[PDB]
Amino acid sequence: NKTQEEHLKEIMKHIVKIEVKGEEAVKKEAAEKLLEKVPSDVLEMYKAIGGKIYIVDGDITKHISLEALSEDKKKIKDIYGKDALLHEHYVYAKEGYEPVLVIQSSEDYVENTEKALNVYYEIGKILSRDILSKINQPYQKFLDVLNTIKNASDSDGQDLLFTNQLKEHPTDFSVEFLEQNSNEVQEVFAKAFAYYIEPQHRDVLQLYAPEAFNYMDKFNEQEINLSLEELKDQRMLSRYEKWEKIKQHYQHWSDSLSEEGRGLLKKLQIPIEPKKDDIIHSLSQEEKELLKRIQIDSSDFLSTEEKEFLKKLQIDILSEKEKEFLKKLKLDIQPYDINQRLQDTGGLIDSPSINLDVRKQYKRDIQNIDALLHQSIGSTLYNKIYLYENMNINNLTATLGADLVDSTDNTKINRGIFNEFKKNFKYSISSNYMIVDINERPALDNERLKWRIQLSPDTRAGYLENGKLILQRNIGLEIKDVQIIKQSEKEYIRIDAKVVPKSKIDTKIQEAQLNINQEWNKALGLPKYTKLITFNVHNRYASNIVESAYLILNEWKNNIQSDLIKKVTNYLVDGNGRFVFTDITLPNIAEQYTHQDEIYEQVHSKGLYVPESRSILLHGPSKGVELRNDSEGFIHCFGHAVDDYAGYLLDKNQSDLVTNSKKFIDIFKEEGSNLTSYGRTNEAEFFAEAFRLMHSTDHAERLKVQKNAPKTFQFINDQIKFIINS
């Protein structure tokens, strides 16, 4: 009973043009009651593309705008597909860069529910051919509804919406189809919109085609506002008008910025690479001669990019001590990247994962930027405000990012990985500073994720001249939708999300942890209140890190002897171990760092077992040396746990690894090169790798150990019984 009707009137005051003879009291009243059925936002979107609605008397073909139609544009087909003659019908929507909608007149749109349907049908046409066509829709989302109907139980749904063209189609409706049969798909969308808008035929649509009815329901009740937003995003004036108010709102804030202010925000956008000059300067003759004799490439804990810089240091100017050296240069040759540091520690800046000096240096800049970004977006110049961000999927899941793009057609996205990635994405967290765009902008080649974030009046941000905002750290995000969209003849994943108090997301993760222990403590016979499993979640693919823990442990349960688990995970719990599932990097989990001697003795990887804490750490985001999933990683690391308990049972006076034994070192002397190249690294890594394959979910991988690692399959099995029975 408020503003809803106000724009209805304004919008209608513009586009709606009544031109009749009979007292335009009833006439003008007809169209009112008729178009009030239509969702308000489709009316403004017609406006948006420059559309006009005309309520005329007589032969509608006898109006200005229409008299310019050829011979064909005169013979249509009603909602039912029955041919007609325009100068006989009562509605028509002309297409073209200057759209128009001509509606005859009658007060019986109340009664003639069949005609009111047609009008709505046509409007529908406007909505899928004229409006949505400009933002590349309907797309995959709607293709899905369409397919759900053809390949489904009752054949009625098809009968009510599809035509033989569609009805007789052999396979499903792929993106390629919708593309060279747009007319077709557009028609279906229209009929669905019609039956849904006309309150009488709605039931027929919900009865014989609920997938369709549900779709149109959710769409005209919310998802349509995001359509309008998209439309607006393509208009130069809209884009500039929006940018301006924002610029205005932050005007005082910016004018007050100092030089240091702009200094900080500036590095926070481009990291300082280490300068070769300083590097060399801090070396020693000892270390610098080693630097030449050193086969930098010969190391395997340095990335090719890092290794690269490391080579250039030779031109410009192994064993134990030797490699110990390369572990320090690794910490030193790292860019000074403030946002990277916040992500790597998930906001835990005091983490002793880097040299004390540089840590302090990072804390100051952060505490400072935290004060610079003190003014919230909340303004009197606007309500909902959507900001945009382009992301690289590898940032959330390198394992999935690995197969997200169709290996052949770079422009297409593999639907398989899509539903997998879409799977448990319910919430996100941001620990570093999110840099977004006021209006959406094309992305880099390696960025197939396009976020559309609804900010909160409470959200603090800084305005940038280039048209971007720098947001505050520790933001809470709820995913509201995830679909495949087309933009610039390439496919992306739109991720509609809404900002919410980080505390809210953290509480979800907190309860989740309580639940996951109240469950496995039981299934293992551990005291009701033990801290076994721990979620250390701080980054953008949060919810997935949580929901994955459950699925990892299930597989670790369904592939290993329950009695081998209990025995081992009891040893662990005894030394206060933990099963840590995290998105921050490993060198930042206490379970590892609180035990290191030197910070340069840190390890980051898919998974990692820590004896001194008896805990298994599993980093979610990455992708371990070819291991199709998180599961396998956990299990391989459990192998280390077992190698721990095993050797322990030997001479308890000193827990040592059973994989150290004189006997085993020999099994490795000949079999160590039969499994995986990675297992070929050493004993403990051969033992866990072998252990892993043995308990694989793919038996194929099991026989592989049996007919290639005999003495091993036997050794590993002995231990198991040894442990079980002890």
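The numbering used is simple: start at 1 and walk along the sequence shown.
Gap check for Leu650 to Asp651: zero deposited residues are absent from the model.
Checked against the record, the higher mean CA B factor of 177-185 and 509-517 lies with 177-185. Comparing the deposited coordinates for 480-488 and 627-635, the stretch with the larger average C-alpha B-factor is 627-635. Per the PDB entry, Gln654 shows the highest C-alpha temperature factor of the residues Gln361, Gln654, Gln343, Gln367. Highest CA B-factor among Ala152, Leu127, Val610, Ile349, as stated in the entry: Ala152.
Sorting the modelled residues of the chain by their CA temperature factor places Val38 in the middle third. When the modelled residues of the chain are ordered by C-alpha B-factor, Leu313 sits in the highest third.
For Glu465, the recorded CA B-factor ranks within the lowest third of the chain. Only modelled residues enter the ranking. In the PDB entry, a CA B factor belonging to the middle third of its chain's modelled residues is recorded for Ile103. Among the modelled residues of its chain, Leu356 has a C-alpha B-factor that falls in the middle third according to the deposited record.
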